[PDB]
Every structure is written in structure tokens, then in C-alpha cells.
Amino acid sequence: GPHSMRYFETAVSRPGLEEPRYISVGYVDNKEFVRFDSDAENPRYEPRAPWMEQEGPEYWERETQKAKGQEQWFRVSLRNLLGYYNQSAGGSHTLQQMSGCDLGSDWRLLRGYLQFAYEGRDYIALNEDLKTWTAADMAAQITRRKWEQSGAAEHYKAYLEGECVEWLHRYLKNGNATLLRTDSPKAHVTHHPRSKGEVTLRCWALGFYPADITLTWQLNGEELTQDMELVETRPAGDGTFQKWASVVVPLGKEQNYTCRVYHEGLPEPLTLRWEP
């Protein structure tokens, strides 16, 4: 029932290159829908799902200019951070930013987000009150003061409660069957004779969206983490995901082992075992 929008923004300086590379990716409900890249021939925001082609040229021209402004902002900030951290020239540096908003089922604002990282590390973030800032690093305190002085929190709070909600409402009405979909995991168990006396049961879940999923094993019982290996969830490359979890077992006595697959698309958790 819930929904979100995110812009994920990155600028990267490298030793020789005159200007940094700036990339911005927007997401509705965790699916990419727009992108800008300053390396591109003639950089602009481009649609990244078919449902975004409804927006006319005035939408794209404005978004592109916002992107060019952000790239100017990341450029100056990268420069200022260099000085804040007494870093000299000839290094590589990263600045990243995360977006704005989460709605509940009723489409009202649950939370606003605004976070920045330098060299992949928390630099500064707007707290959930959308009024105060968290900055851990001694160097970050300079930004925190400057931003407290100029009422930056108010600007970002207005975006987060206003445009971010309004435009997410609009986007959700526009791609109504493209993002109101979940694919269920089809699950199966495979068998692998391993050094004698023992064997690995591998529980597979395939073809599912979104990524969040859990695979458990029970020894007829209630729990197994003692040599339960798994893999991190992985993209298949077609928009669906894949995961397995495995458990080591006595050969012969494998018919009392049960795998459970928990996914939001399921009516109830899947249950299956090795089927010879």
C-alpha cells in the first residue's frame, strides 16, 4: 500500500579531469524512472520507464536545468570539502545525496529523507523532524553551522512535504499497472551428494519481485542457522530476483527437512521439501 520517491545523486572528482562527473537517478517505489548523466553527449534527464514518456518537453527541460544546477552545487561542495578535510590535490573524491519521501497506504507523508555522504561516509543529514541536522565529523560542523544560519532545513522541509508528495501522487496515477505489480517466487529444492554420510539441500526461489524475501530451513523443528549458507539476493537481469539458502544434512534422513519461502506476493509462506 505504501509508496516512495527517491533521487540518488553522485559527483566524482578524479586527479586530472577538469570537472567532476555528476549522475542523478530518480526512483518511484524503488524502480528507476529518470536519469541524468553529465558524461552523456548532450546531458539531460531521460525517461527510464515507458510510463514517463507522457511528460511533454517542458517537464524535461526544467528537470534538466535542475540537474545542471545540482552539478554546479556538487562542484562547489566537492571543492569546499577538499579544504574542510585538508586534502590536497591529486586524489579522487565522492559526494552523494539521497532524496526525499515515503507515503503510507493513505498516500500521506510518513517521512522525509535528506542525507549526504563524502567518500562513502555519512557527512550530514536532516533529522526526521525536518528541522535539525545530524553531523558527526568535526569537519562537517562547518556545514552544519552554515546551514543552521541560513535556514536550509526550511527549504528542504518545504520540498519534502510539498513537491515530493504532490509529484509522487501524480507519478503514481500515471504508471498505474506498471508499479502495482509483484511477482511471486517459484521455489524448488535441489540435492547434492557431498563427502560421504552428508548432503546439501539447496532451496531456490526464482522469478520474484520485489527483492525482499526470506528462506528458512526447519529440522522438522523450528530453526536452523548451524551451517545454513545463503547467497545475497541477486537480480536475474529481467527485473526479477533470485536467492537460495542451503543446509547440510544426513543422507537418508533428508525427507524431514522443510524449506519455507516468505515473500510479499505470496498468499501464505511457501513450504516444500526434497522431492526425489
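For the two forms, the rigid core is made up of the largest set of C-alpha atoms that agree within 1.5 Å on superposition. Note that residue numbering begins at 1 and tracks the sequence as displayed.
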Stretch farther from shown form by Cα RMS in 4 other deposited structures of this protein, picked from 72-80 and 183-191 after core fit, is 183-191
Higher-deviation stretch (C-alpha RMS, rigid core fit) in 4 other deposited structures of this protein, choosing from 54-62 and 219-227 = 219-227
Do the C-alpha atoms of 166-174 or of 71-79 have the higher average B factor in the entry?
-> 166-174
Avg C-alpha B-factor, entry values, 178-186 vs 153-161, higher side is 178-186
Among 206, 125, 199, 110 - the residue whose C-alpha B-factor is largest in the record | 199
Reading the B-factor column for Cα atoms of 120, 90, 193, 104, the highest value belongs to 193
Going by what the PDB entry lists, where does residue 217 fall on CA B-factor within its chain: lowest, middle or highest third?
-> highest
For residue 94, return the chain-relative third of its C-alpha B-factor as stated in the PDB record: lowest, middle or highest.
-> lowest
Among all modelled residues of this chain, ranked by Cα B factor, put residue 225 in the bottom, middle or top third, i.e. lowest, middle or highest.
-> highest
Among modelled residues of the same chain, the CA temperature factor third for residue 236 = middle
Third of the chain, ranked by Cα B-factor, where residue 13 sits | middle
